[PDB]
Structures are given as structure tokens and as C-alpha cells.
Amino acid sequence: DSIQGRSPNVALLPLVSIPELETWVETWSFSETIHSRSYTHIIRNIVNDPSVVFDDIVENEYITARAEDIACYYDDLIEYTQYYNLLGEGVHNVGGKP
Amino acid sequence: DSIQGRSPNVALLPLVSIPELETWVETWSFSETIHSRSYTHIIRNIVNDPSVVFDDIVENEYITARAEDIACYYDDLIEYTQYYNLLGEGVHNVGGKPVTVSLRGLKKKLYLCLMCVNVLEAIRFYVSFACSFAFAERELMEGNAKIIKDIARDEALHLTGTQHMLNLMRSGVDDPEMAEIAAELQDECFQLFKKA
Amino acid sequence: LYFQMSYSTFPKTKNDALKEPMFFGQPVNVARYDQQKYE
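Residue numbers (the authors' numbering), protein chains in the order written: chain A, 85 to 182; chain B, 85 to 280; chain C, -3 to 35.
Shown next, in the form of C-alpha cells:
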């Protein structure tokens, strides 16, 4: 739920045209934020070491595999949108290579 | 309030590092959205032609002047951040003409914009409060005051937050780089402030 | 300022205001919030 907290806004807001969907994605981000707060609340009364849980699960391959799989060809869209906005239509050459 | 509904997130989220500020800007955007909904509610029971009010005020020069003034050197920061991320350090050439580069350039072009942000919710929207608020003691349009008190509280919290952020970043530089920005972008800051 | 190098934050006037594509085209300039394209 943290891997998709800030991603949808920063990835979709520059492309959405109708504002009635921008409001919805804003509410989605806010709801995800409330989810993160509730998770932090439920973890703040279970284990007396909240700084010890963000050690393995932070970079555990078991979860890191799917994290990278969902992040790679999701930030690809963001970088390609940046390219399209900074270059426009027609082929170009970004400092050397075309 | 619509000119700053989606702007802060799309302009600041790609740069904020600590997530505890990303949550705050998300809540700010959500609060601005609630403000827009409340405005649409208060206008949906006054004039029987809600499609007739978005004709002049949509593109009235009286408001369009300040709209462009607040939007130009605010989207400049976004486009410069896009350039910095797509090109990195060192000079380049974006398809022919050479592309400039600057590390500190991605600070002033941001910081000054933040100053606008401050006055975007410190003065210009703060006088409209009293302008639409004098109709309070005289018994009329009490629902307007009832619905605008919460918006005023929200605007005041925005002001407190943004002023604290500016005083923490623009003043008392933690990193030893923005002190030069505070020194250089000082007189022009007062100039643009008096201009606004 | 400049000569409109690329996409901007919001336009100076209206473009269609009622019949734009879903997530492609001109940006948002005013939140009517009462008349939408999809109920």
C-alpha cells in the first residue's frame, strides 16, 4: 500500500484531462495515506520495536521481486511521458544518440 | 482555489524526499478539493444558471492577469525540473540548440515560486474573506458565513504550514547551499512582493 | 517569459470544457464540479 501511495498521482495527474477524475485520484491518494496511517497505528501497539520491523521487509527479496516487477514498467510510463512532453512529436536526438 | 488545486502535488511531489511531507501535500490537495466541492455547493443554490457564471470569470482579464502572473513562474519550475531530470548535470543539446544546466538554478526557480505560494494564500485570498464577510452582523446570508468559517480555518492552517516551511528552508539553511539563494533572491523578492 | 515551449499548467481560455478525451488533450482550467461527462 506504500508502493502505490504517491505513484498514481505523480504518474496520472500530468495526463488526466477532465478534472472530475483528478479529484478522484486525489481522494484515492488521500485514502491510501489514511491506510498508511492506520497501518502505523496498528503496528504501534504490537511489537515494542517499530524500528526493527523495517529491516527485512524493507528489502526482503520475497517482496522485493514483486515490488520491482510492479515498479519498473510503471515508472517506465512516467519517464516516457516526461520524454514525450520534453521532446514532442517527431524523432529527435537527446544529446548525441537519437 | 482551483488554480492551486492540482498544482502543488504535480509541482512538488517529484522533488520532496521525506514522505512525511508527501502525506501533508496530499492532505493539502484533498482539502483544496473539498474547498472546490463546497464552492460548487454554495453556487448551486444562488443563481439558477450555473453554466452562465463560468463565462466571464473563466477568462476575465481582471483575474486572468494575476492568474497568468501566478502560473507562468510556477510552471517554469515544473518544466525546469523535468529538464533537470531528463538531462542531468552538465550542459547538453536538446535536438540542435544547446541545453543549459544548473544545480542552483533548480533552487531559485523553485524557491521564488514558493514565495508566490505564500502570497497565494496569505493576502490575495485573505482580503476576499472580509469582502465576502461583512454580510455577517447584518442578518443575511448567514449560511455563507457558516460555510466560509471552515474554509478560513483551512486557509489559516495552509498559511501556518507554508510559512513554517519557508522559514525552515529559506531561512536557517540546513544544507550549505541555499544561503546563497537567500542572499541573492532577497531584493527581487521584496520587489515582486510589493508588485503583488 | 518564453514562447510556449511545451505543455503548461492550465490554459488561458476554454478549449472544449465539455467533450474532451478521458486522459488526453488540454489540461484542466476550471473545476465546474456540477456537470461531468460520466455519472
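All residues carry an ideal CB built from backbone N, CA and C; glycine is no exception.
Nearest in C-alpha terms to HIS119/B, of all of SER86/B, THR107/B, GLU145/B, is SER86/B.
Distances from the CA of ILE130/B to each of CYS273/B, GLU106/B, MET225/B were compared; the closest alpha carbon is that of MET225/B. Assigned with DSSP and collapsed to three states, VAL183/B falls in strand.
Per DSSP, the unbroken alpha helix (DSSP H) holding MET199/B starts and ends at 189 to 204. Assigned with DSSP and collapsed to three states, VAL94/B falls in helix. In its chain, beyond the 5 residues on either side, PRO7, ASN11, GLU16 have a beta carbon closer than 7 angstroms to the beta carbon of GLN22/C. For the segment 5 to 25 of chain C, the set of positions with a beta-carbon nearer than 8 angstroms to some beta-carbon of chain A reads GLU16, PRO17, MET18, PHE19, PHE20, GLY21, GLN22, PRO23, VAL24 in chain order.
Residues of chain C with a Cβ closer than 9 angstroms to the Cβ of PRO92/A do not exist; the shortest Cβ-Cβ separation is about 12 angstroms. For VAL178/B, the pairing in a beta bridge is given by DSSP as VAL178/A.
Rounded to the nearest angstrom, the Cβ distance from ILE154/B to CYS215/B is 19 angstroms, too far for a contact under 8 angstroms.
Using a C-beta cut-off of 8 angstroms, the segment 107 to 125 of chain B makes no contact with the segment 183 to 191 of chain B, since fewer than three inter-stretch Cβ pairs fall below that distance. Below 8 angstroms, too few C-beta pairs join the segment 244 to 255 of chain B and the segment 166 to 174 of chain B to call them touching: fewer than three.
Residue-level contact check: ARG208/B does not touch chain C, since none of the beta carbons of chain C fall below 8 angstroms from its beta carbon. Interface flag for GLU145/B against chain C is unset, since no Cβ pair is found closer than 8 angstroms. Listed along chain A, the residues sitting closer than 9 angstroms to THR117/B by beta-carbon distance are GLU106, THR107, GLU110, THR111, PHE114.
The beta-carbon of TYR158/A is placed no less than 8 angstroms from the nearest beta-carbon of chain B.
Runs of alpha helix (DSSP H) with 4 or more residues, each lying fully within the segment 196 to 263 of chain B, are found at 208 to 215, 226 to 253, listed in chain order. Rounded to whole angstroms, the Cβ separation of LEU161/B and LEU194/B is 5 angstroms, and the two are in contact under 8 angstroms. By the CB criterion at 8 angstroms, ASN93/B and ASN169/A fall outside the cutoff.
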